[PDB]
C-alpha cells in the first residue's frame, strides 16, 4: 500500500529519495538531521557529516545506474515522530554487476524545533 505519503514527513522522505538518486547534496542536507544515524550492511554512520564524508558519494554513484521502482510505502505519524517504511525494486547494474532486487528502508523522522521534519535514523537493506 501507499499510506500517509501525502504528509509533511512524506514530502521530506520523497525529496530525500529523489535527491539521493539525483546527486543533489543541497536537498540531502536539508532532509537529514545533523546527528542522523545510518544503518546498512553491518556498518553504522553516526552523523550527517560522517555520512557525507564517508558514504554519500558512493551511495550516489551506486544509485546512478539503477531504476528504483516503489512497491509500497507507509508513513505513520505519532505527534513529533514519524516512521516511514518502504520497499522498492532496484534494477540495473553497478560496476558491471547486475542488480535486480527488493530494497527495504525504515526511516525515523522527528519534527525539529521549527516544525521541519528531519530524518534521524535510516536502516537500509
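Positions refer to the first chain, counted from 1.
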property: Stretch with the greater mean C-alpha B-factor as recorded in the entry, comparing 53-61 against 94-102; result: 94-102
property: 32-40 set against 62-70, stretch whose average Cα temperature factor tops the other in the entry; result: 62-70
property: Lowest, middle or highest third - CA B-factor, residue 13; result: lowest
property: Third of the chain's Cα B-factor distribution that residue 82 belongs to, per the entry; result: lowest
property: Entry-reported Cα temperature factor of residue 22, expressed as the chain third it lands in; result: highest
